[PDB]
There are 2 protein chains.
Amino acid sequence: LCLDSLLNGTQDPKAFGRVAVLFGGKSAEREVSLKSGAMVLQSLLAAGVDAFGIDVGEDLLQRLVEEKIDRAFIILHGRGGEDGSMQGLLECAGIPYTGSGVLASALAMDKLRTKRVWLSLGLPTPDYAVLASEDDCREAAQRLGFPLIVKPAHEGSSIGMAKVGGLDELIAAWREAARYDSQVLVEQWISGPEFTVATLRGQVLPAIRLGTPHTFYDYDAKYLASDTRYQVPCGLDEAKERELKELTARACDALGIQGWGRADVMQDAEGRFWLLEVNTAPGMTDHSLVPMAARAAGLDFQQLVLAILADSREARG
Amino acid sequence: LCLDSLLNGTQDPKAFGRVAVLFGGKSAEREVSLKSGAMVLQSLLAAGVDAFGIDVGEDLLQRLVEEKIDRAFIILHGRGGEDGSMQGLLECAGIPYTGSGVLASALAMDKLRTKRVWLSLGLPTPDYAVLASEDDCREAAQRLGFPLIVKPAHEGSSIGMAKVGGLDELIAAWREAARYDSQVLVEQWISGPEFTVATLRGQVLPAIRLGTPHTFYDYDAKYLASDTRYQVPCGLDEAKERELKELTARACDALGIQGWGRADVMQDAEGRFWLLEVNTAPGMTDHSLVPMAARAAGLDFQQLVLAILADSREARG
Ligand SMILES: Nc1ncnc2c1ncn2[C@@H]1O[C@H](COP(=O)(O)OP(=O)(O)OP(=O)(O)O)[C@@H](O)[C@H]1O
Ligand SMILES: Nc1ncnc2c1ncn2[C@@H]1O[C@H](COP(=O)(O)OP(=O)(O)OP(=O)(O)O)[C@@H](O)[C@H]1O
Ligand SMILES: [Mg+2]
Ligand SMILES: [Mg+2]
Ligand SMILES: [Mg+2]
Ligand SMILES: [Mg+2]
């Protein structure tokens with residue numbers, strides 16, 4: 001009955017009209033978005049959807065006035081795609097689109113604002129600091145200890161991220177992340193199992209436990225390595241996995257996520273869950289996680305992209 | 001010295017290039033935005049700026065690919081203009097623009113989200129309820145009492161608003177506001193002096209006290225009536241006006257306002273201030289308030305629009 005609700009308006013691919021798959025862009029995750037778009041476009045075409053691709057670049061507005069578009073599938077990654085900017089352009093152009101609206105996308109792209117919202121609601125997210133100075137690195141070390149994990153506030157795909165074990169590599173990781181974003185945050189390192197929880201049309205999909213011999217789930221482990229471990233069902237018991245899913249729903253509703261999304265959650269040695277971030281246009285590569293979660297629920301890749309598309313027939317927030 | 005910082009990059013009008021004044025649109029405040037744009041455009045032209053106007057409509061993307069534009073002056077009012085959507089379109093198009101960024105504009109357009117952020121920071125804003133039912137109207141009445149003020153969450157210019165003194169007109173005002181927005185909120189009526197506080201380039205301008213023989217500061221009193229009262233300096237003492245200005249700065253920084261903006265604040269019988277809302281593209285008509293506040297600080301209309309333009313030469317958030 002739940003899977004019936006997920007496939008609600010997926011029966012007629014022709015009913016969606018001409019669908020523009022938006023991918024590429026000029027963000028650091030461009031290469032990831034190129035493969036996600038190729039997956040989504042090929043999937044929509046095999047399903048019988050009148051779908052075409054658009055490599056988002058300096059060409060975009062020219063293509064929006066030339067091409068007829070009944071609906072846009074946003075599968076861009078990072079700034080210029082997941083930060084509400086592309087969402088606002090499509091609303092001005094009067095084109096309906098997939099995923100979260102302008103406010104939710106802009107908020108979820110900002111890891112600092114996202115964590116700040118979660119804290120005001122009493123949701124767990126690792127203690128952190130904002131780094132714009134070598135003195136800031138020293139204060140964060142004195143208050144939070146080691147190890148730490150440094151990340152730009154607005155990036156994805158573990159780009160510009162580093163786990164640091166001392167002040168020496170903390171300062172080097174801050175300078176590296178600052179080449180991607182003047183907004184640099186550092187979090188307390190959570191030591192324990194890593195989970196990721198996909199949500200689709202207000203339903204929380206099966207959780208996936210992630211493992212890699214790397215120091216963390218970095219760009220290489222996500223997209224290039226062969227020894228990354230994916231486990232579904234996750235080793236959690238029914239009470240613990242239910243707790244994780246209810247935490248994911250609250251964390252996504254806190255930001256206003258719509259259509260679909262993915263939450264990345266850590267668990268510590270005492271069983272506590274810690275929210276890291278939420279993605280509003282998760283990767284759709286053949287290495288990606290939301291497709292794995294969809295299969296566990298029973299949807300193949302074509303049903304998944306059709307479900308994301310059918311959800312957009314209503315209104316964003 | 002403060003006024004020097006306000007006029008920082010206003011000396012060379014030719015230095016801004018070709019400036020597109022964006023006005024009109026399809027929101028309920030279209031007629032207001034048409035007059036604000038006419039004021040801003042005429043002001044920029046008399047200052048020696050290579051400025052042209054664009055009536056935002058179904059024409060927009062076609063005009064953005066035809067016209068050369070070095071900088072956009074956003075003077076649209078309401079949804080499609082102040083809600084981050086136009087801001088996101090201009091960022092995708094690579095055009096710098098005036099005012100708050102995508103996240104701040106989208107947040108400040110939403111009165112519910114704005115009040116919700118203020119509450120988490122301990123800033124004062126009237127107790128409220130969300131109305132989507134006649135039972136909701138009854139619960140709000142039982143909890144908040146009378147009188148009340150009903151408003152759509154995303155409107156401006158007092159459109160769809162009504163002060164209600166009983167359950168009969170509460171329910172009628174809810175149905176009327178729901179024709180503009182499925183998001184309807186009702187606030188506790190604050191009885192006392194009304195102030196409005198303009199901010200420009202991180203500086204808080206002199207406060208203006210507002211008075212009208214109407215039941216409240218409605219669309220008619222704002223734009224059509226002759227007996228609306230504007231008082232600058234406001235009757236507050238130095239300690240009280242300083243308190244109001246520091247509250248305005250905190251309320252604007254809470255949402256991420258940039259460039260300029262205006263806050264509307266009520267004061268009750270016991271001297272307490274209550275934040276109503278923040279506008280990220282305030283009206284610029286000859287009835288409008290930000291020009292009055294600028295004159296009190298020493299800037300005429302041309303210096304004001306040049307200052308808004310010079311601030312945009314940096315980066316939005
Ligand atoms: N506080 C933390 N404690 C432990 N590991 C962490 C922490 N924050 C991040 N990580 C690790 O770094 C990885 C990337 O972190 P995060 O998901 O916040 O970054 P992202 O680049 O935005 O990711 P994505 O590819 O999902 O867009 C996580 O999958 C996790 O392995
Ligand atoms: N809680 C309240 N108590 C008393 N008066 C109120 C209250 N809320 C609103 N008002 C009155 O209604 C007017 C319009 O309210 P508000 O500024 O929230 O609406 P708006 O339509 O978004 O305004 P604007 O023209 O500034 O965009 C205020 O100027 C004030 O006179
Ligand atoms: Mg991410
Ligand atoms: Mg992640
Ligand atoms: Mg307003
Ligand atoms: Mg107002």
# chains A, B, ... in the order shown; residues from 1 in each chain; ligands from 1
call {"tool": "residues_near_ligand", "arguments": {"ligand": "ligand 1", "cutoff": "6 Å", "atoms": "only C-alpha atoms and all ligand atoms", "output": "list in words"}}
result
residues 126, 149, 155, 156, 157, 158, 159, 187, 188, 189, 190, 216, 217, 218, 264, 276 and 277 of chain A
call {"tool": "write_last_selection", "arguments": {"atoms": "C-alpha atoms", "output": "PDB file, in the first residue's frame"}}
result
ATOM      1  CA  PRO A 126      27.861  17.430  15.915  1.00  0.00           C
ATOM      2  CA  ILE A 149      36.487  17.054  10.262  1.00  0.00           C
ATOM      3  CA  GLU A 155      30.094  21.872  -1.030  1.00  0.00           C
ATOM      4  CA  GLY A 156      29.240  18.233  -1.728  1.00  0.00           C
ATOM      5  CA  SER A 157      30.813  14.910  -2.711  1.00  0.00           C
ATOM      6  CA  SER A 158      33.297  15.310   0.183  1.00  0.00           C
ATOM      7  CA  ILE A 159      35.040  18.016  -1.863  1.00  0.00           C
ATOM      8  CA  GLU A 187      32.830  19.417  13.319  1.00  0.00           C
ATOM      9  CA  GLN A 188      33.594  17.044  16.151  1.00  0.00           C
ATOM     10  CA  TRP A 189      34.521  13.669  14.679  1.00  0.00           C
ATOM     11  CA  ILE A 190      31.846  11.035  15.305  1.00  0.00           C
ATOM     12  CA  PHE A 216      36.295   8.795   5.808  1.00  0.00           C
ATOM     13  CA  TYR A 217      33.661   8.572   3.052  1.00  0.00           C
ATOM     14  CA  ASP A 218      35.630  10.803   0.696  1.00  0.00           C
ATOM     15  CA  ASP A 264      23.721  11.450   6.114  1.00  0.00           C
ATOM     16  CA  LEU A 276      25.482  15.631   9.247  1.00  0.00           C
ATOM     17  CA  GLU A 277      23.614  17.145   6.276  1.00  0.00           C
TER      18      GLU A 277
END
call {"tool": "closest_atom_pairs", "arguments": {"of": "chain B", "to": "chain A", "cutoff": "9 Å", "atoms": "only C-alpha atoms", "output": "JSON lines"}}
result
{"residue": "B:57", "atom": "CA", "partner": "A:92", "partner_atom": "CA", "distance": 8.9}
{"residue": "B:58", "atom": "CA", "partner": "A:93", "partner_atom": "CA", "distance": 7.7}
{"residue": "B:60", "atom": "CA", "partner": "A:93", "partner_atom": "CA", "distance": 8.0}
{"residue": "B:61", "atom": "CA", "partner": "A:61", "partner_atom": "CA", "distance": 6.4}
{"residue": "B:62", "atom": "CA", "partner": "A:65", "partner_atom": "CA", "distance": 6.5}
{"residue": "B:64", "atom": "CA", "partner": "A:61", "partner_atom": "CA", "distance": 7.9}
{"residue": "B:65", "atom": "CA", "partner": "A:62", "partner_atom": "CA", "distance": 6.5}
{"residue": "B:80", "atom": "CA", "partner": "A:92", "partner_atom": "CA", "distance": 6.6}
{"residue": "B:83", "atom": "CA", "partner": "A:102", "partner_atom": "CA", "distance": 8.5}
{"residue": "B:84", "atom": "CA", "partner": "A:88", "partner_atom": "CA", "distance": 6.5}
{"residue": "B:85", "atom": "CA", "partner": "A:88", "partner_atom": "CA", "distance": 3.6}
{"residue": "B:86", "atom": "CA", "partner": "A:88", "partner_atom": "CA", "distance": 6.2}
{"residue": "B:87", "atom": "CA", "partner": "A:88", "partner_atom": "CA", "distance": 7.2}
{"residue": "B:88", "atom": "CA", "partner": "A:85", "partner_atom": "CA", "distance": 3.6}
{"residue": "B:89", "atom": "CA", "partner": "A:89", "partner_atom": "CA", "distance": 3.9}
{"residue": "B:90", "atom": "CA", "partner": "A:89", "partner_atom": "CA", "distance": 7.7}
{"residue": "B:91", "atom": "CA", "partner": "A:85", "partner_atom": "CA", "distance": 6.5}
{"residue": "B:92", "atom": "CA", "partner": "A:85", "partner_atom": "CA", "distance": 6.4}
{"residue": "B:93", "atom": "CA", "partner": "A:61", "partner_atom": "CA", "distance": 7.3}
{"residue": "B:94", "atom": "CA", "partner": "A:58", "partner_atom": "CA", "distance": 8.6}
{"residue": "B:102", "atom": "CA", "partner": "A:85", "partner_atom": "CA", "distance": 6.9}
{"residue": "B:103", "atom": "CA", "partner": "A:106", "partner_atom": "CA", "distance": 5.6}
{"residue": "B:104", "atom": "CA", "partner": "A:103", "partner_atom": "CA", "distance": 8.8}
{"residue": "B:105", "atom": "CA", "partner": "A:103", "partner_atom": "CA", "distance": 8.9}
{"residue": "B:106", "atom": "CA", "partner": "A:103", "partner_atom": "CA", "distance": 5.6}
{"residue": "B:107", "atom": "CA", "partner": "A:103", "partner_atom": "CA", "distance": 6.7}
{"residue": "B:117", "atom": "CA", "partner": "A:117", "partner_atom": "CA", "distance": 8.8}
{"residue": "B:120", "atom": "CA", "partner": "A:120", "partner_atom": "CA", "distance": 6.3}
{"residue": "B:121", "atom": "CA", "partner": "A:120", "partner_atom": "CA", "distance": 8.7}
call {"tool": "residues_around", "arguments": {"residues": "residue 98 in chain A", "least_positions_apart": "5", "cutoff": "8 Å", "atoms": "only C-alpha atoms", "output": "VMD selection string"}}
result
chain A and resid 72 to 74 259 308 to 309 311 to 312
call {"tool": "write_last_selection", "arguments": {"atoms": "C-alpha atoms", "output": "compact mmCIF listing (two decimals), in the first residue's frame"}}
result
# COMPACT_ATOMS: atom_id res chain seq x y z
CA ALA A 72 12.35 20.17 -15.54
CA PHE A 73 14.25 17.35 -13.82
CA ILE A 74 16.96 19.00 -11.72
CA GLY A 259 9.87 15.39 -3.45
CA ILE A 308 10.34 11.97 -8.48
CA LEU A 309 8.69 13.32 -11.65
CA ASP A 311 5.65 14.26 -7.23
CA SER A 312 6.54 17.52 -9.01
call {"tool": "residues_near_ligand", "arguments": {"ligand": "ligand 2", "cutoff": "9 Å", "atoms": "only C-alpha atoms and all ligand atoms", "output": "ChimeraX atom specification"}}
result
/B:77-78,109,111,125-128,148-163,186-192,194-196,210-212,215-219,222,262-267,274-279,282-283
call {"tool": "select_by_dssp", "arguments": {"residues": "range 4-169 of chain B", "states": "helix (DSSP H, G or I)", "output": "PyMOL selection string"}}
result
chain B and resi 4-6+13-16+30-46+60-66+85-92+102-109+111-120+134-144+167-169
call {"tool": "atom_distance", "arguments": {"atom1": "CA of residue 271 in chain A", "atom2": "CA of residue 240 in chain A"}}
result
8.8 Å
call {"tool": "select_by_dssp", "arguments": {"residues": "range 118-200 of chain B", "states": "strand (DSSP E)", "output": "list in words"}}
result
residues 128, 129, 130, 131, 148, 149, 150, 151, 152, 162, 163, 164, 184, 185, 186, 187, 188, 194, 195, 196, 197, 198, 199 and 200 of chain B
call {"tool": "decode", "arguments": {"residues": "range 16-47 of chain A", "atoms": "N, CA, C and O atoms", "output": "PDB file, in the first residue's frame"}}
result
ATOM      1  N   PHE A  16       3.778  13.287 -18.847  1.00  0.00           N
ATOM      2  CA  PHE A  16       4.631  14.339 -18.309  1.00  0.00           C
ATOM      3  C   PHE A  16       5.019  15.377 -19.352  1.00  0.00           C
ATOM      4  O   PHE A  16       5.458  16.472 -18.981  1.00  0.00           O
ATOM      5  N   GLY A  17       4.862  15.069 -20.638  1.00  0.00           N
ATOM      6  CA  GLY A  17       5.240  16.014 -21.670  1.00  0.00           C
ATOM      7  C   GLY A  17       6.729  15.951 -21.973  1.00  0.00           C
ATOM      8  O   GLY A  17       7.382  14.921 -21.803  1.00  0.00           O
ATOM      9  N   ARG A  18       7.266  17.077 -22.436  1.00  0.00           N
ATOM     10  CA  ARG A  18       8.684  17.178 -22.752  1.00  0.00           C
ATOM     11  C   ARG A  18       9.447  17.560 -21.489  1.00  0.00           C
ATOM     12  O   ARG A  18       9.206  18.624 -20.907  1.00  0.00           O
ATOM     13  N   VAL A  19      10.365  16.692 -21.072  1.00  0.00           N
ATOM     14  CA  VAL A  19      11.064  16.826 -19.798  1.00  0.00           C
ATOM     15  C   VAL A  19      12.516  17.188 -20.078  1.00  0.00           C
ATOM     16  O   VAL A  19      13.217  16.477 -20.809  1.00  0.00           O
ATOM     17  N   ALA A  20      12.965  18.296 -19.498  1.00  0.00           N
ATOM     18  CA  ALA A  20      14.354  18.726 -19.589  1.00  0.00           C
ATOM     19  C   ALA A  20      15.110  18.232 -18.360  1.00  0.00           C
ATOM     20  O   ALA A  20      14.770  18.592 -17.228  1.00  0.00           O
ATOM     21  N   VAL A  21      16.123  17.401 -18.587  1.00  0.00           N
ATOM     22  CA  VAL A  21      17.003  16.933 -17.523  1.00  0.00           C
ATOM     23  C   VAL A  21      18.153  17.927 -17.414  1.00  0.00           C
ATOM     24  O   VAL A  21      18.970  18.049 -18.330  1.00  0.00           O
ATOM     25  N   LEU A  22      18.207  18.651 -16.302  1.00  0.00           N
ATOM     26  CA  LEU A  22      19.210  19.683 -16.079  1.00  0.00           C
ATOM     27  C   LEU A  22      20.375  19.083 -15.300  1.00  0.00           C
ATOM     28  O   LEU A  22      20.189  18.589 -14.183  1.00  0.00           O
ATOM     29  N   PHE A  23      21.569  19.130 -15.886  1.00  0.00           N
ATOM     30  CA  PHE A  23      22.758  18.551 -15.278  1.00  0.00           C
ATOM     31  C   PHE A  23      23.976  19.359 -15.709  1.00  0.00           C
ATOM     32  O   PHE A  23      23.866  20.342 -16.447  1.00  0.00           O
ATOM     33  N   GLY A  24      25.147  18.930 -15.246  1.00  0.00           N
ATOM     34  CA  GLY A  24      26.391  19.603 -15.584  1.00  0.00           C
ATOM     35  C   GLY A  24      26.688  20.768 -14.664  1.00  0.00           C
ATOM     36  O   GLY A  24      27.075  20.573 -13.505  1.00  0.00           O
ATOM     37  N   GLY A  25      26.510  21.985 -15.162  1.00  0.00           N
ATOM     38  CA  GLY A  25      26.746  23.168 -14.356  1.00  0.00           C
ATOM     39  C   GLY A  25      28.220  23.494 -14.227  1.00  0.00           C
ATOM     40  O   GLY A  25      29.091  22.889 -14.859  1.00  0.00           O
ATOM     41  N   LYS A  26      28.496  24.478 -13.372  1.00  0.00           N
ATOM     42  CA  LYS A  26      29.854  24.969 -13.165  1.00  0.00           C
ATOM     43  C   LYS A  26      30.326  24.794 -11.724  1.00  0.00           C
ATOM     44  O   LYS A  26      31.273  25.467 -11.302  1.00  0.00           O
ATOM     45  N   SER A  27      29.696  23.910 -10.958  1.00  0.00           N
ATOM     46  CA  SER A  27      30.136  23.659  -9.595  1.00  0.00           C
ATOM     47  C   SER A  27      31.220  22.584  -9.575  1.00  0.00           C
ATOM     48  O   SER A  27      31.500  21.922 -10.578  1.00  0.00           O
ATOM     49  N   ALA A  28      31.825  22.407  -8.398  1.00  0.00           N
ATOM     50  CA  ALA A  28      32.894  21.426  -8.248  1.00  0.00           C
ATOM     51  C   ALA A  28      32.413  19.997  -8.470  1.00  0.00           C
ATOM     52  O   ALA A  28      33.232  19.122  -8.771  1.00  0.00           O
ATOM     53  N   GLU A  29      31.113  19.737  -8.340  1.00  0.00           N
ATOM     54  CA  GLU A  29      30.560  18.414  -8.592  1.00  0.00           C
ATOM     55  C   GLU A  29      30.086  18.237 -10.033  1.00  0.00           C
ATOM     56  O   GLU A  29      29.244  17.369 -10.293  1.00  0.00           O
ATOM     57  N   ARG A  30      30.612  19.034 -10.970  1.00  0.00           N
ATOM     58  CA  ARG A  30      30.146  18.963 -12.354  1.00  0.00           C
ATOM     59  C   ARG A  30      30.303  17.559 -12.925  1.00  0.00           C
ATOM     60  O   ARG A  30      29.380  17.032 -13.558  1.00  0.00           O
ATOM     61  N   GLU A  31      31.461  16.933 -12.710  1.00  0.00           N
ATOM     62  CA  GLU A  31      31.681  15.596 -13.254  1.00  0.00           C
ATOM     63  C   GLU A  31      30.701  14.590 -12.664  1.00  0.00           C
ATOM     64  O   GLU A  31      30.267  13.660 -13.353  1.00  0.00           O
ATOM     65  N   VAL A  32      30.337  14.762 -11.392  1.00  0.00           N
ATOM     66  CA  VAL A  32      29.333  13.889 -10.793  1.00  0.00           C
ATOM     67  C   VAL A  32      27.968  14.143 -11.421  1.00  0.00           C
ATOM     68  O   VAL A  32      27.235  13.202 -11.753  1.00  0.00           O
ATOM     69  N   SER A  33      27.610  15.417 -11.607  1.00  0.00           N
ATOM     70  CA  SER A  33      26.309  15.752 -12.176  1.00  0.00           C
ATOM     71  C   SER A  33      26.191  15.297 -13.623  1.00  0.00           C
ATOM     72  O   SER A  33      25.089  14.977 -14.080  1.00  0.00           O
ATOM     73  N   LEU A  34      27.307  15.261 -14.357  1.00  0.00           N
ATOM     74  CA  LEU A  34      27.266  14.787 -15.737  1.00  0.00           C
ATOM     75  C   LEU A  34      26.876  13.315 -15.798  1.00  0.00           C
ATOM     76  O   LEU A  34      26.146  12.895 -16.703  1.00  0.00           O
ATOM     77  N   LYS A  35      27.350  12.517 -14.840  1.00  0.00           N
ATOM     78  CA  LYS A  35      27.019  11.098 -14.822  1.00  0.00           C
ATOM     79  C   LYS A  35      25.629  10.846 -14.255  1.00  0.00           C
ATOM     80  O   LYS A  35      24.933   9.932 -14.713  1.00  0.00           O
ATOM     81  N   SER A  36      25.209  11.641 -13.266  1.00  0.00           N
ATOM     82  CA  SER A  36      23.842  11.534 -12.763  1.00  0.00           C
ATOM     83  C   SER A  36      22.831  11.892 -13.845  1.00  0.00           C
ATOM     84  O   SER A  36      21.796  11.228 -13.986  1.00  0.00           O
ATOM     85  N   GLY A  37      23.112  12.945 -14.614  1.00  0.00           N
ATOM     86  CA  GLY A  37      22.212  13.317 -15.692  1.00  0.00           C
ATOM     87  C   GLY A  37      22.144  12.263 -16.778  1.00  0.00           C
ATOM     88  O   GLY A  37      21.062  11.950 -17.285  1.00  0.00           O
ATOM     89  N   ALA A  38      23.297  11.696 -17.146  1.00  0.00           N
ATOM     90  CA  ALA A  38      23.310  10.626 -18.138  1.00  0.00           C
ATOM     91  C   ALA A  38      22.487   9.435 -17.667  1.00  0.00           C
ATOM     92  O   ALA A  38      21.785   8.802 -18.464  1.00  0.00           O
ATOM     93  N   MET A  39      22.555   9.121 -16.371  1.00  0.00           N
ATOM     94  CA  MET A  39      21.740   8.042 -15.824  1.00  0.00           C
ATOM     95  C   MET A  39      20.260   8.395 -15.872  1.00  0.00           C
ATOM     96  O   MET A  39      19.433   7.590 -16.317  1.00  0.00           O
ATOM     97  N   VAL A  40      19.907   9.596 -15.407  1.00  0.00           N
ATOM     98  CA  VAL A  40      18.502   9.988 -15.346  1.00  0.00           C
ATOM     99  C   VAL A  40      17.914  10.114 -16.746  1.00  0.00           C
ATOM    100  O   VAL A  40      16.796   9.654 -17.005  1.00  0.00           O
ATOM    101  N   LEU A  41      18.658  10.727 -17.670  1.00  0.00           N
ATOM    102  CA  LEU A  41      18.158  10.904 -19.030  1.00  0.00           C
ATOM    103  C   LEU A  41      17.944   9.560 -19.719  1.00  0.00           C
ATOM    104  O   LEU A  41      16.879   9.308 -20.292  1.00  0.00           O
ATOM    105  N   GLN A  42      18.954   8.686 -19.679  1.00  0.00           N
ATOM    106  CA  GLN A  42      18.807   7.357 -20.263  1.00  0.00           C
ATOM    107  C   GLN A  42      17.650   6.599 -19.623  1.00  0.00           C
ATOM    108  O   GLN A  42      16.903   5.893 -20.311  1.00  0.00           O
ATOM    109  N   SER A  43      17.481   6.743 -18.308  1.00  0.00           N
ATOM    110  CA  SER A  43      16.387   6.066 -17.619  1.00  0.00           C
ATOM    111  C   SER A  43      15.033   6.582 -18.091  1.00  0.00           C
ATOM    112  O   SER A  43      14.112   5.798 -18.353  1.00  0.00           O
ATOM    113  N   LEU A  44      14.891   7.906 -18.195  1.00  0.00           N
ATOM    114  CA  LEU A  44      13.626   8.481 -18.642  1.00  0.00           C
ATOM    115  C   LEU A  44      13.319   8.085 -20.080  1.00  0.00           C
ATOM    116  O   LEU A  44      12.160   7.826 -20.428  1.00  0.00           O
ATOM    117  N   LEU A  45      14.345   8.024 -20.931  1.00  0.00           N
ATOM    118  CA  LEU A  45      14.126   7.660 -22.328  1.00  0.00           C
ATOM    119  C   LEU A  45      13.688   6.208 -22.463  1.00  0.00           C
ATOM    120  O   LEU A  45      12.779   5.900 -23.242  1.00  0.00           O
ATOM    121  N   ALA A  46      14.322   5.300 -21.715  1.00  0.00           N
ATOM    122  CA  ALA A  46      13.924   3.898 -21.759  1.00  0.00           C
ATOM    123  C   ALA A  46      12.517   3.698 -21.210  1.00  0.00           C
ATOM    124  O   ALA A  46      11.838   2.736 -21.587  1.00  0.00           O
ATOM    125  N   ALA A  47      12.064   4.584 -20.324  1.00  0.00           N
ATOM    126  CA  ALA A  47      10.713   4.501 -19.793  1.00  0.00           C
ATOM    127  C   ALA A  47       9.665   5.041 -20.757  1.00  0.00           C
ATOM    128  O   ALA A  47       8.469   4.899 -20.486  1.00  0.00           O
TER     129      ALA A  47
END
